[PDB]
Every structure is written in C-alpha cells, then in structure tokens.
Amino acid sequence: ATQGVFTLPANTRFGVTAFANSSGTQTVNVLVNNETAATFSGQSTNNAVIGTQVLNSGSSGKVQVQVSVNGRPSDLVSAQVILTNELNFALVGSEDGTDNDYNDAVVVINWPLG
Amino acid sequence: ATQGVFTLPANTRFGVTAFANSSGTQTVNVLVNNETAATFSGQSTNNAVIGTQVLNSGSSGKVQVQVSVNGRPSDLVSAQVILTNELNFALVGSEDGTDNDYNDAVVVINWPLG
Amino acid sequence: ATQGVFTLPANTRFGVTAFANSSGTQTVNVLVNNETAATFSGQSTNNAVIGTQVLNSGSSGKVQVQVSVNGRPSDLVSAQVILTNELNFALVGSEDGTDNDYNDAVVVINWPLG
Amino acid sequence: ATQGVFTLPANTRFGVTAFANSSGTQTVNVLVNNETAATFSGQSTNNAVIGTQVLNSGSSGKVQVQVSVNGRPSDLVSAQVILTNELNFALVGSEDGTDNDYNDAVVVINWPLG
Amino acid sequence: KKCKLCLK
Ligand SMILES: *C(=O)C[C@@H]1O[C@@H](C)[C@@H](O)[C@@H](O)[C@@H]1O
Ligand SMILES: [Ca+2]
Ligand SMILES: [Ca+2]
Ligand SMILES: [Ca+2]
Ligand SMILES: [Ca+2]
Ligand SMILES: [Ca+2]
Ligand SMILES: [Ca+2]
Ligand SMILES: [Ca+2]
Ligand SMILES: [Ca+2]
C-alpha cells in the first residue's frame, strides 16, 4: 500500500523534522500539493536532526514524504495518530537496506502549531 | 490514567526530542528509572526543536516525560506506536493553558537507533 | 579574528540561550572542550527562544558556539562583557544571508548561576 | 549612576528575556515610555527563563527595567553593547541580597528583530 | 492579570 502520504487540513501550518540512523546519506523530500516544498539531507548513525522546517498544507492539504539514499528509493512505513482529538502526528520510517530496522530516516510531521 | 510513562526494552539507546508551541516557556524533563536524565527548555510558537538527545533506557527501561511552565505542571497526553513490528514512537503532547491544543510542548521518543 | 569562542572559568555552570530572527531554520551547537554539549534548532522571525540550557564549562573552560543554516556556517560576531566585576555575558550574533543584521541566530551565555 | 535605562531607536521591536538565579521570587517590570509594558515573575536557582517577550520601544525609545523581590527593589547593574555596528544588547543584572553575584534576575534586551 | 501587564 501507499505510504508516506497524508491528508492534512487545508491551509494549515505543520512542522516536519527528520532524523538519520544509517551510514548512508539520507535525502528527505517533503511534497505539498505534489510539489517539493522541503529537502533535508544528512548522515548520522546517532539519530541526529538532519532537517526541521515549518510548512503550509496548502489548498489540497496533501503532504508526501519521499526518502532516497544516493538515488535509491527507501521503502517507507507510515501512520497518523491523533491524541485527544486535537494533536496530530504523521510518522514515517524508511529502510535503505536489508537489516529491516526502518530507522534509516525517521520523519515526524506534527500539527497544529502555534 | 497515567500519561507520559513508557516501558522500553532495557539497556536500549533511544532518542528524545521536544518541540514548543506556546507563549509560555516550556520545561521538559525526561526521567530514566525515576531519575532525571535530560532537561530541555525553550519558548516558541513555531515548533522550535528546543532539545534533542540520545539516552539509554537502562536496566528498568522505564522512561517518563514531564512538562512544566514556570513551575506549573502541564496536562499530558501520550501513546506508543509501532510500525512494521520494529520501529517505535513514544508520543507526548501537553497543555499549559485553556485552549486545549495540547501542542505547547510535544515530545517524541523513537527507537531503536543506529 | 576568531569569533564565538570563550574561555570560561573551569568547572563552572553557565546558561546558554539562542534566539532566531530569520526565515531560514537556525541550528545552534554549543561545544564544551570541543565536544557538542547542546543543540537547538528552530525557525522564527520574532525572536523565539529556540533553546536554553545549563551546561558545565568542564576542566578546559573552552566554550564554542556554532551556527549553521541548511548546513552552511553562518558568519559570527562575538564579545564578552563583565558587570560589577562579577556578572559575565558572552554574546554571539550570526548572519546567514545578505542583509547584515546579524540577528539570524543570537546566542547569550551567562554566568555564574545559582 | 542610573542603571537599567536604555534609549532604543523609536518604534522598534525588541526582545526582552529574564532569567532567575535566587531562592527569592523575582519580579521583572519592563517599562516603555515610562509605562509598564511587561511584567515577569518566577523563581529558580538554575537560570530558568521566567519570561520572554517582544515589545515595541514606542515614540520615545525609552526602555527601563525594574527588579523587585517581595516588594523590595533589587540593586541594578547595566550596560549596552553593539556588535558590528548593528546587533544591540542591553544587559541587566540584579542583586536582591548580600552575596553580590548580581545574577538574581538577569535581563537581556536584544534588537533588531526579524 | 492585565494591569499588572503580566506576560509570558
Ligand atoms: C498563553 O498565552 C497560552 C499559550 O500560548 C498561546 C500562544 C498558544 O500557544 C496556547 O496554546 C498556549 O497554551
Ligand atoms: Ca536499515
Ligand atoms: Ca538503521
Ligand atoms: Ca495550549
Ligand atoms: Ca499551543
Ligand atoms: Ca540576516
Ligand atoms: Ca534577520
Ligand atoms: Ca545575589
Ligand atoms: Ca544569585
């Protein structure tokens, strides 16, 4: 099934933050309304923040995360969770190899902000 | 019910990251085996990453998140999510006032690392 | 000249606080004895406190502030000022662009504490 | 000499941030145009931010800081520092007792913002 | 509360 694609409320600010747990350099693309809105890159085996940014969900509210390692697309796992019917998390894990830990690039989208 | 308390696998490295979305200055304390192991603080209404750190769950694996604003404890919401039976997220939201957006301090714990 | 490096009295607790005034996401690293001791990330054009922390100057007393935006080191300006021969401020300004306002990330270190 | 009084450029946004280092609760008053514009209060012996605020210097540009503990005004020390002829710091320390560490309430004013 | 001008 499709992973890393989330429908947010339209015209809503959201934060997006990426961590890296791999010896491969992670490339994280965040698309809004099918256009790349942010790109993070970095390498860490110690969960370092390779990028964080505030974006707007736009007229469609469609947010997509894509992870690649030197041109190789990472397999993604994702889910959305809502706490007390107000606080939202859009969570993405990614796997760039065969060890099946899916932490090579971790992406956390959260909203609302402010 | 108790919130912000998570049992991790013992002696496992985990990441903890705090985001702020409030006019009040947030103070986030992370306890491992009931002992304060990390403290983050900051003031932002734009989801600033006021702290991120790698900790060890120790022999007990007990991790607790506490949030306070100028001495007053915030109300907490929490849950744990596991993707593809391997990737763990421990999520915490907090409310310091009356609007009930529960984003005033947002804490994300993730494991395993590396 | 070298900027952003301060020799503090050895084994002394100090506060460090970072403000953001830029459309770019600011990453502030505080190194003690050449090892990263605190990291703050965030984006704000309204002087948000993207992080505050209490650290120890260690046996070397060497404290360094680094600022980078999108992986590019900002240009730093710094100085130390002492009030009534007791109260110490270490101040850091940084520029990530072409406007030369040098407030894109502002770091204030103060000691003694308690 | 008068302390804690600074003449800013008129109608200019500035940040004001207060830290506490005393067993007595600190009360920080920020006056603009000889009128109270912000009031912070908190207690900490660990440099906690008891308040941070963005204000406007008004038509006169006159900003004044007052500090009191249990109704007793603290003795103030202050100075202004300007880096690369652009970045401004107005620094205030205060002493509420006898040890003369002058960190009991520390107030940092910085401008320009944005 | 507001008079005072208590702010965060
Ligand atoms: C205090 O003002 C309450 C507070 O700050 C607002 C800016 C908003 O973030 C709100 O959720 C928070 O509780
Ligand atoms: Ca992997
Ligand atoms: Ca990995
Ligand atoms: Ca709230
Ligand atoms: Ca909020
Ligand atoms: Ca600038
Ligand atoms: Ca700026
Ligand atoms: Ca004192
Ligand atoms: Ca003191």
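Any read-out appearing in this document is the output of simple, stated calculations on the displayed coordinates, not a laboratory observation. As a convention, Cβ positions derive from the backbone with ideal geometry for all residues, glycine included, and neighbour counts pool all protein chains shown.
In debye to the nearest 20, how big a dipole does chain C give about its Cα centre with +1 on each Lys and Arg Cβ and -1 on each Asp and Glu Cβ?
Here chain C has a charge dipole of around 380 debye.
Arranged by the count of other C-beta atoms within 10 angstrom, fewest first, what order do A:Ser59, C:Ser44, A:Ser44, A:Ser23 take?
A:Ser59, A:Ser23, A:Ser44, C:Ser44
In Å and from the alpha-carbon atoms only, list the Rg and Dmax of the protein assembly as shown.
Answer for the protein assembly as shown, Rg first and Dmax second: 22.0, 72 Å.
Compute the label zone of D:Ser60 within the range D:1-37: residues whose backbone N is under 18 Å from the point 7 Å along Cα-to-Cβ.
Once the point is set 7 Å along Cα→Cβ of D:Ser60, D:2-14, D:29-37 turn out to lie under 18 Å by backbone N, inside the range D:1-37.
Enter the Cα centre distance for the pair the range D:50-114 and the range A:7-70, rounded to the nearest angstrom.
The range D:50-114 and the range A:7-70 have Cα centres spaced 39 Å from each other.
For a footprinting-style exposure proxy, rank A:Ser60, B:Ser57, D:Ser41 by other Cβ within 10 Å, fewest first.
A:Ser60, D:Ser41, B:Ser57
Once you list every other residue whose beta carbon is under 14 Å from the beta carbon of C:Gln43, what net charge do they have if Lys and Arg are +1 and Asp and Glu are -1?
In short, -1.
To make sure I understand, if each residue's beta carbon is the centre and we count other beta carbons within 10 Å, what order do C:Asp99, B:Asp104 fall in, fewest to most?
So the residues, fewest neighbours to most, are C:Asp99, B:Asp104.
So the label point sits 7 Å from Cα along the Cα-to-Cβ vector; using that for D:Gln80, what distances do you get to the other copies, in nanometres, sorted shortest first?
Shortest to longest, the spacings are 2.5, 5.1, 5.6 nm.
Across peptide A:67-76, what mean number of C-beta atoms from other chains lies inside 10 Å of a residue's C-beta?
Taking the mean over all residues of the peptide, I get 0.
Could you give me the percent of Cα pairs per 10 Å distance bin for the range D:1-49, shortest bin first, beginning at zero and ending with the bin that holds the maximum distance?
21, 46, 28, 4
Please report the equivalent ellipsoid semi-axes of chain B, computed as sqrt(5 x eigenvalue) of the Cα gyration tensor, largest first, in whole Å.
They are 23, 14, 13 Å, listed largest first.
Along the charge dipole of chain C, pointing to its positive end and built from +1/-1 on Cβ of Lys, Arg, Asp and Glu, which listed residue (C:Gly93, C:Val32, C:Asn103) has its Cα farthest out?
The residue sitting most towards the positive pole is C:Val32.
Rounding to the nearest 20 debye, state how big the charge dipole of the protein assembly as shown is about its Cα centre with +1 on each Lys and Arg Cβ and -1 on each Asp and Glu Cβ.
Magnitude of the dipole: close to 500 debye.
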